[PDB]
């Protein structure tokens, strides 16, 4: 008070085993770098039917949090002067040009504002080069507009291909040699599509995830991390890209990291929660706090919320996206919104089933949503918001899970 402080230290006596049992998470890790000190928690088993208990070194899929590594490796080459964030990647991939996708800058690709579809799957492509060649041969089809946020794995595949062109290594070699090994981690590459690797192919521990987050701190607390990446280059990832409104996902988005929290407490980070496992990363460079949670269960979303609420009681206020949904509305207000919406070859069909909206997702999946005012809906249970988009006045697109899907 009179002479100033930084706040309280790491949470004392936080029983992550109890919280994990309350949320019925099979196993996972939480790791926290706070005021120069690393604290880790492990709970449960690596497998659902029991077996080996999770230890500090257990590996969990990072899912989309892999993107933070890919972008960090891009910005690392930025400080070295080997690439330019605002130049069209066609100048860095002149062989691929021989296109709307190559007119995008690395800033746009890492920010999901490059106007690209969410997915392009090619399991037979042996390289990011052959993967890109096949994607550029597709018809342009239904793509979101450049400059607006629409989550895209394709953008991160292109960004990974730029890394290969600049360094002369494969993406897996570059990320290991330039990032994974110098960070001092045992992070492994999962055996998946080469074209999906830059978007979601890394796996490792929560402690090792924190090591990446420490790199983005104003003081990383380690000379090995300090010399690894240019602080001026990484700060670009700490700044929002203008015009990127990631409705339903985050309050903002920069070149490789989401922004989470209200004004005055915006945190950097990234989540990954496909495939029945969860990964959550949050970074606050100013306060010097990094938190990462890994779990092998979809209930890790509930555990993350309980960890955030528990950390708040310990004077650590993690930034999270908690938007104010519009008031509930009768489902009939969405009569003009029913139809099919497409992003690349992905399609979502919207219908009205009694009082709720029903979303038919690709892959046979299905989700119900609560109808709200202003063309907005809330996923039943999780509360994740989506919305239908009108041309300033008919509806022509759907914003769902951070992706723009144009109405057929």
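Numbering follows the first chain given and starts at 1.
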Checklist entry - Between residues given as residue 98 and residue 99, how many of the deposited sequence are not built: none, 1 to 3, 4 to 9, or 10 or more? => result 10 or more
Item to check | Length class of the unmodelled deposited segment, which would lie between residue 392 and residue 393 | outcome: 1 to 3
Checklist entry - Taking the recorded C-alpha temperature factors, which stretch has the higher mean, 85-93 or 155-163? => result 85-93
Next on the checklist: Regarding 47-55 and 335-343, which shows the higher C-alpha temperature factor on average in the entry?
Outcome noted: 47-55
Checklist entry - Highest Cα B-factor in the deposition, which of 63, 371, 27, 362? => result 362
Checklist entry - Among 232, 121, 245, 173, which carries the highest Cα B-factor? => result 232
Checklist entry - Taking the C-alpha B-factors as the PDB entry records them, is residue 40 in the lowest, middle or highest third of its chain? => result lowest
Checklist entry - C-alpha B factor of residue 138, ranked within the chain: lowest, middle or highest third? => result highest
Next on the checklist: Quick check on the deposited entry: does the C-alpha B-factor of residue 358 sit in the lowest, middle or highest third of its chain?
Outcome noted: highest
Next on the checklist: Among the modelled residues of this chain, does the Cα B factor of residue 197 put it in the lowest, middle or highest third?
Outcome noted: lowest
Next on the checklist: Among the modelled residues of this chain, does the Cα B factor of residue 112 put it in the lowest, middle or highest third?
Outcome noted: lowest
